[PDB]
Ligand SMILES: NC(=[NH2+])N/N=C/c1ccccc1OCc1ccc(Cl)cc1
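Coming up is one lone chain in C-alpha cells, specifically the form solved without the named molecule.
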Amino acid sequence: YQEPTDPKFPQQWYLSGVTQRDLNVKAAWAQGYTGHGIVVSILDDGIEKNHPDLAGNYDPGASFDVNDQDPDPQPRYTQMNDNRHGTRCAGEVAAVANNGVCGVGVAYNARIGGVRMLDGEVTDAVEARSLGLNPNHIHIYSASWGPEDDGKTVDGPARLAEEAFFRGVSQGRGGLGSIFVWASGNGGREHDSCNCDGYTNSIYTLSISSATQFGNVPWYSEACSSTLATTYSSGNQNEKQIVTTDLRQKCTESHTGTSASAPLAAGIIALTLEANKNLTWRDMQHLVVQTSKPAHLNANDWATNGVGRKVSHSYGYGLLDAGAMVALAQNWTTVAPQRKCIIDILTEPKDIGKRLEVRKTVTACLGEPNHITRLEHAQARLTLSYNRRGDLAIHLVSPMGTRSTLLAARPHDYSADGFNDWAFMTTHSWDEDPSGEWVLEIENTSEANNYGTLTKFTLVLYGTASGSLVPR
C-alpha cells in the first residue's frame, strides 16, 4: 500500500499520524477500503462541485439545492466567504487523493455531494426534503448543525423531518436504512447540553463529538448521553486543526469545531460500508460501540457500564477506529429486528421541588414480542413543568448501575416552558440487560426555591433478545 502523495496529507495529522493519536485510517486503506461505491451527502450551505479536489468524486445524484429549489448545490459566493462550510466538510469525507492538490478525504474514492439547505430559511419542509434526498442512492448523510447552540434552546425535528428520519432508516438504502451522521454541537462555551438538540439526541442519528490533538475536551464540546463516539478536531492555538478543501478552489488548515468531526466520522462509516454493504443503520451503531477507543482521551467522567465498556458524556465510547471498524464489519452478523418496550412509569404526578427520585423495577416486556434482554438506545420521555428549566439536572440509572446524565444544568436556560414529552436518550447502557430497577433523578442545582411537577415519565427501551457478547 502506498500512502497518499498529496501536498497537505502530512498536515492531516488525524489521518497521517505515526504517534497513535489518529483515526487509524491508513490501516483501513491498506486493507483495500477507500470508499469505492459509497455515496455521501453533506447537508450544509452548498458544495463547490468544481473544486479541483472534489470534482473527480462529485456526484450530482447526491446533491440538491433546497434553498433555491434546483439540482445545483453550488454555494453563494460572498465577500465574507460565508457559504464555505459544506465544501470544507465534503473534502473531509472525499477529497481526491494522489492528485497534487490539498490533502485527501477519509474515503477518497467515495462519491460526494451536498444539499444546499442552510443558506435560507430552514423550515421543517426544507429539513425533510434534505434528509430524504435520493434515499436509494445516497448511503450516508452528514449534518454538522442543528438548533441554535446558545445553551437555552430545546428543539428538534418537527413532523416532516421526523417522518424523514423514520422513512430513511426504514425504507432507505434498500431497506437497510439511511445512515445519518450528526455533530453533537458547538455550544460548550454556553454550557449547552446536547440532549436538548433533538437531531443529535435521536436514535436515528449516529452522533459524534470532538477531541483536541492533545486528547482533551475542546472548549466548544457539549456533553450528553446521546453521543456515540468521537473524532479529532480543533482545540487551542498550539493544537492543529482540520485540513481540507475550501471555497474558491483553495485549501484550508483551519477547519474547526464539532461540525468538522461529523464529516470525518461519515468518511469512516463510508469505509466501513464498503467493507460490508449489507450493514443496517443499527449494525453501524453497534460497530461504533464495539470498536471505538477511549485510550488517551482525557475526561473526568469515564465510567465503566454494565458490559464493561468505558463511556463518557464528552466522547461516547471513544475515538473512532477505522481499521477496527472495517475489520469487524466484514463478517458482521446482522442484528435481530429492533424491539421497542414502552413502560409508563408514574402512577401519579410528582412534585419536583428541590429534588425528586423515581424508582421503578421493570421486566422489559417479559413474555412479549418486544421483550428486550439486550439494550440499544434507552429514552426517558419526560413531561414536566418547572419555573427555570436550566436549573434542572436529570440523571437516569440503569439496573446495571450505569448513571446517564440526561440533562446537565444550563445556566442560560431561563425558560419556564419545561419539557413536553422530551425523549432524553442515552447510549451508555448499550448491550445491558434492562430488566430490574431504573432510577430517575431530577435535581434543582440552584439555591433558588424553584418549583414544578413531573407529570409523565415513559421509559422506552430499544433492543433485541439475542446475540450478546461476553462483557469486555
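When you see a residue number, it is the position in the sequence shown, counting from 1.
Only in words, not in the display: the form deposited with the named molecule bound, which the text now covers.
Site status: open, since the named molecule, placed by superposing the C-alphas around its site in the deposited bound form, has no atom within 2.4 Å of backbone or C-beta atoms.
When the named molecule is considered in the deposited bound form, only one residue from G114, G172, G146, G318 comes within 4.5 Å through any heavy atom, namely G146.
In terms of contact with the named molecule in the deposited bound form, the residue from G306, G168, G257, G390 that brings a heavy atom within 4.5 Å is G257. Only one segment in the set 284-292, 224-232, 184-192, 104-112 has residues whose heavy atoms sit within 4.5 Å of the named molecule in the deposited bound form; it is 184-192. Using a 4.5 Å cut-off to the named molecule in the deposited bound form, each of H85, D197 and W219 places a heavy atom inside that distance.
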